[PDB]
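[1] 3D, please:
(chains A and B)
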2 protein chains.
Amino acid sequence: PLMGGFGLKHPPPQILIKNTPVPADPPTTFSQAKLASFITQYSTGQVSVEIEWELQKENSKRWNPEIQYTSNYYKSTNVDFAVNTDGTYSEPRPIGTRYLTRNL
Amino acid sequence: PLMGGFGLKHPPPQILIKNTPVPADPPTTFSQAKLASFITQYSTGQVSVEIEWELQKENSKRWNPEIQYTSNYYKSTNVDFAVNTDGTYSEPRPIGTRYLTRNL
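    Numbering: from 1, shown residues only, chains lettered A, B, ... in the order given. See the structure here:
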């Protein structure tokens, strides 16, 4: 994929969900038209998704130290990747996956 | 230990080595005095030491990122922890062992 990712021919199947419509009271005399009056309704719940991953361990004889992703050592008004005073979560910067090195 | 380390009651036994003295030619007439003239001599070789270590894996539910030891990302005249032009190895800074966190 050009955005980056894992191109799949059979990707994870998309999951669709809907509230089953519940009609408001129909008239007492039959009518051909479909029922246009419904009960205002919504649902809530809990969803869980668990992905197993396969890792390729880094095996390298490089002598000197790598470059690692490290949080800022210096003080700050609030922790990065954590809530602020108002409870708003925030992610301060995009984090790529390439800090290790290999030989080309 | 106050310098830091692993205090041992039976530490690794210190290994001692010496060149066995080889005398220069003694006189042809017996003498009681010990032999004061030796052959100038030295030895060389290869030594190997292999230590097995026991690690305590870090298991933590901290949400935000840790602080890691990372080499300087910015350019420099030469790599740190690597030889210079003249072949002189150098270690630019002392590196302590505590970058991870726990709850007190």
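[2] only C-alpha atoms for contact and neighbour calcs from this point on.
    OK.
[3] Can you tell me how far the residue lying farthest from the centre of chain A is from chain B?
    Relative to the centre of chain A, the most outlying C-alpha is that of residue A:29, 49.4 Å out, by C-alpha atoms, centre = their mean. Distance from residue A:29 to chain B, counting by C-alpha to the nearest C-alpha, to the nearest Å: 61 Å.
[4] quick one: what helix or strand has that residue in it?
    Using DSSP states H and E, residue A:29 sits within no helix or strand.
[5] Return the residues in contact with it.
    Contact analysis of residue A:29 by C-alpha atoms under 8 Å, 6 or more residues apart in numbering or on different chains lists nothing.
[6] Would you tell me which residues of chain A are close to chain B?
    A:63-73, A:79-82 (C-alpha under 8 Å from any C-alpha of the partner chain).
[7] The most centrally placed residue in chain A: what secondary structure?
    With distances taken as C-alpha atoms, centre = their mean, residue A:49 lies nearest the centre of chain A, 10.1 Å away. With DSSP: H, G, I helix; E, B strand; the rest coil as the basis, residue A:49 sits in coil.
[8] cool, and residue A:93?
    coil.
[9] Chain A: helices as residue ranges?
    Counting by DSSP state H, one finds no helices in chain A.
[10] ok, which stretches of it are strands?
    In chain A, no strands are defined using DSSP state E.
[11] what about the closest residue to residue A:83 other than its chain neighbours, neighbour count?
    What sits nearest to residue A:83 in space, not counting adjacent residues and going by C-alpha to C-alpha, 6 or more residues apart in numbering or on different chains, is residue A:89, at 4.3 Å. The number of residues packed near residue A:89 is 12, by other C-alpha atoms under 10 Å in any protein chain shown.
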